[PDB]
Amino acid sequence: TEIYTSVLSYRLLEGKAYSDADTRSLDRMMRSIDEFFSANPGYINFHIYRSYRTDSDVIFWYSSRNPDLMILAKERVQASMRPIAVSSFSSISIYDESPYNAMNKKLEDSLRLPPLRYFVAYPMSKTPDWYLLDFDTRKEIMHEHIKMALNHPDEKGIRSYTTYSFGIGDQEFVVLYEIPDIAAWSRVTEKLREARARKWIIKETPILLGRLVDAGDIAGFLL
């Protein structure tokens, strides 16, 4: 029943000049990755992003209820990327659907919508003291944050996903956002620095910022 997700980033190896043949080879490879995901109904979503950071050229995001499909997908992407690139980040985590369920929405339905132009992903953790607080006081601290986010004008049109990775990765959470406007998102985040929740929040690096790209267009953008 639970939905797993991964975010992977890769950087093309330096020290090599790329021929036209190399460009075409990259294009065929990205199209093939895209076809791998489209061919299996078990993949709920798969999107590719160009990267604003120089430590990555491409970011991949995909989701499935099947943990076997999750490892197969990682190996597929890795096998395709390794002759020309190295991974700069990976995460595996599980969507928390409760914010969607609370609003009579299905998280999966959101994942099936055509993606927004930008994507933000980062790991996040909280200090040990956070979990040692009463469920009630944590609820209050979190309500303030949620209320504050909901009330921001620049919040309009953002799709937010909280995912958990306790016991299975180097962070407790991986938080994912589909966003229409980089500056607007930054302003929302800046306002949310005003929430008490911040006092317990740590380790939000790397923050990945991506620009949606079709598989057939990426080689042309990169090379």
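We number the residues from 1 along the sequence you see.
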Going by the entry, of stretches 52-60 and 153-161 the one with greater average Cα B-factor is 153-161
Between 198-206 and 7-15, which has the higher average C-alpha B-factor in the PDB entry? 198-206
Choose from 75, 144, 97, 109 the residue with the greatest Cα B-factor as stated in the PDB record. 144
Using the temperature factors in the entry, find which of 148, 85, 102, 121 has the highest value at its Cα atom. 148
Would you mind checking where the Cα B-factor of residue 137 ranks among the modelled residues of its chain, as the lowest, middle or highest third? highest
Chain-relative CA temperature factor third for residue 186: middle
Where does the C-alpha B-factor of residue 70 rank in its chain, lowest, middle or highest third? lowest
Residue 169 CA temperature factor, ranked by third within the chain: middle
Quick check for you: using the entry's CA B-factors within this chain, is residue 91 in the lowest, middle or highest third? middle
